[PDB]
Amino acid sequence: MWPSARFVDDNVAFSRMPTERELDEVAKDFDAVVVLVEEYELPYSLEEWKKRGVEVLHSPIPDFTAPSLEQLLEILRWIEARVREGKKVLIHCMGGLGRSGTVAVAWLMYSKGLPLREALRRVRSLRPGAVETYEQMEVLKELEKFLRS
């Protein structure tokens, strides 16, 4: 089991970026991956996942930035479709955990219906670094507004 990952539920985990020598480790444990980092900051081609039979969502988010709400909902519908199929899903950015922590928090709100204050508490209990910037928090507040309506 790849110990840098942290699970927010049975099926969805978030982590820093796996390096090349960790790809098999992660392919063993995860069937799908959400890559939040721009192609240019990758030390390998995302075809490394395809050759291992891992499904990839590449939805880049700039460093220290938040996704739009539209981008965040697309990501959540995709994770949901993967978990539906019985796959386990790893979310990662670089090292910061701002972006990945944001998506982790959102997954709890989207899938389990947690209020933002509790989902944020859970994720930050896992990684004190999760959700680093005010725009990240704000897009989560926007998501909550969206779901309650």
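A residue's number is simply how far along the shown sequence it sits, counting from 1.
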Highest mean C-alpha temperature factor of the two stretches 107-115 and 22-30, which is it? 22-30
Which one, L42, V56, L120, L36, has the peak C-alpha temperature factor per the PDB entry? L42
Can you work out whether the C-alpha temperature factor of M17 puts it in the lowest, middle or highest third of the chain? middle
Within-chain third of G96 by Cα B-factor, per the entry: highest
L46: which third of its chain by C-alpha temperature factor? middle
Split into thirds by Cα B-factor across the chain's modelled residues, where does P60 land: lowest, middle or highest? middle
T133: C-alpha B-factor third of its chain, per the entry, is the middle
